[PDB]
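Presented below, as structure tokens, is a lone chain in the form solved without this ligand.
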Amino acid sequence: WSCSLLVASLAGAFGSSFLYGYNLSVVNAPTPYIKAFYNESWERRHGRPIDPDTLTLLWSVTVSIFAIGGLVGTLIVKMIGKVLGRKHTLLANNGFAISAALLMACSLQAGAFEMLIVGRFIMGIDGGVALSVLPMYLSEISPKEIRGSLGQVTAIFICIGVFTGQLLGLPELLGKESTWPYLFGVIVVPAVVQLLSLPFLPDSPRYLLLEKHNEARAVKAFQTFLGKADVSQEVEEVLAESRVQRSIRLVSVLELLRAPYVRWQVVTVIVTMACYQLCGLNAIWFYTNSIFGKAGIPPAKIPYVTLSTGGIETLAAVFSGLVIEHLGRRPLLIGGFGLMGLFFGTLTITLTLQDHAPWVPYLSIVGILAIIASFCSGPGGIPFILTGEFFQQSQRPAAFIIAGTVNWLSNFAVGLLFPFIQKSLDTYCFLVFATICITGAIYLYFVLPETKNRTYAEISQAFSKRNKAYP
């Protein structure tokens, strides 16, 4: 690790992936203060009291509109593309962080709830651009040897994000009635720490070479990031890979959907990216204090009990790299969803029988933590790995548009509908996510071929038995 690699990794992640992670969990602890604000805004404007279902929908829309933001941000990066480059896209992205932080913080003084819904949206766009461009920047600046580790660095900083959102939301810090607006206002600090540190670092040495046509700057950026003088072999490797890629005509998104000779690869990506979100793990970040409230945890303990959920996620994310190298993709993904489906089962039992003995509610804490540990040890990482292993370099750009679209639309549906599932099914609300985890696991047991240490020529031949077609 040279000097500039650390500051690029730390200031890159802190202003980008950490803010995505923070924005999942920040919304949990101020929930009763924000709903009281919506209520007292609505009656004062319309002259008639708000009804429980309207107030539940406004809160569900506030929580989930962030995912429609993220979808817009994932599509904006295609339009920006060649124009800015990887550093300047991450700098310019702070226009959305700072504007959204100020819209959400000043919503209560304005006396308008629309500012908080519009602020969550723009903060979503930020998170969509952040997660699309930071993996590009970090893999492009880094030495060849460590590009494998950095898919885990953008995962760890999301977890330190969800933990920090849960930490500031304690009633001893900012999660009080008189200081909830600062939970959103503090998002200015990650943005300003990035804006003050990224401009001193070099732009990506591939972008400078391929897309900006400036070889002298590309050499100087390689020399800065790698910390050596003779970077000749680094430049020629990037020119070689470009001379290869220039020969390739990309398969368009509608053409990838229509092609029969990739049908079960497309269907396996859609089903896996759906179950990755619809397994309801985001409903644990957006709604934790309500879940522990219904579970019968004493009202005074809930803020400190919730803080263990971001803790175990961060522990499991740090050791995630030691599991994914050992087991291979098929038993981690099947056994990951398979275990979550079991622990949503026992969670449903311990929520239902919570009145039978005073120790039973605490078993629902162990239940929720075993769900979080089961996801991050396996399913947390593998869907984006598989989407690469299934498709050629000509197909791979389009495959990640499908995979990313299905991801954000599924995150929206969980964020929006979970409070209505809790209303309707009451204590059995987790049997929905049990059914989705087990239905996903059973699909992958029958369809998914083993991909660890295997070539595209073997994996595509394994799918060919059910595609019944060839290029």
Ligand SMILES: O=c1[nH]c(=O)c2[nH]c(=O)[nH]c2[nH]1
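Start at 1 and count along the sequence shown; that's the residue number.
There is another form of this protein, the form deposited with this ligand bound, and it is not shown here; the text below is about that form.
- For this ligand in the bound PDB entry, the listed stretch (81-89, 271-279, 322-330, 135-143) containing residues with heavy atoms inside 4.5 Å is 271-279.
- Taken together, 20, 285 and 380 are fully in contact with this ligand in the bound PDB entry: each brings a heavy atom within 4.5 Å.
- Among the residues 129, 218, 159, 116, the one placing a heavy atom within 4.5 Å of this ligand in the bound PDB entry is 159.
- Checking 297, 251, 174, 376 for any heavy atom within 4.5 Å of this ligand in the bound PDB entry turns up a single hit: 376.
- Applying a 4.5 Å heavy atom cutoff to this ligand in the bound PDB entry picks out 313 as the lone residue from 307-341.
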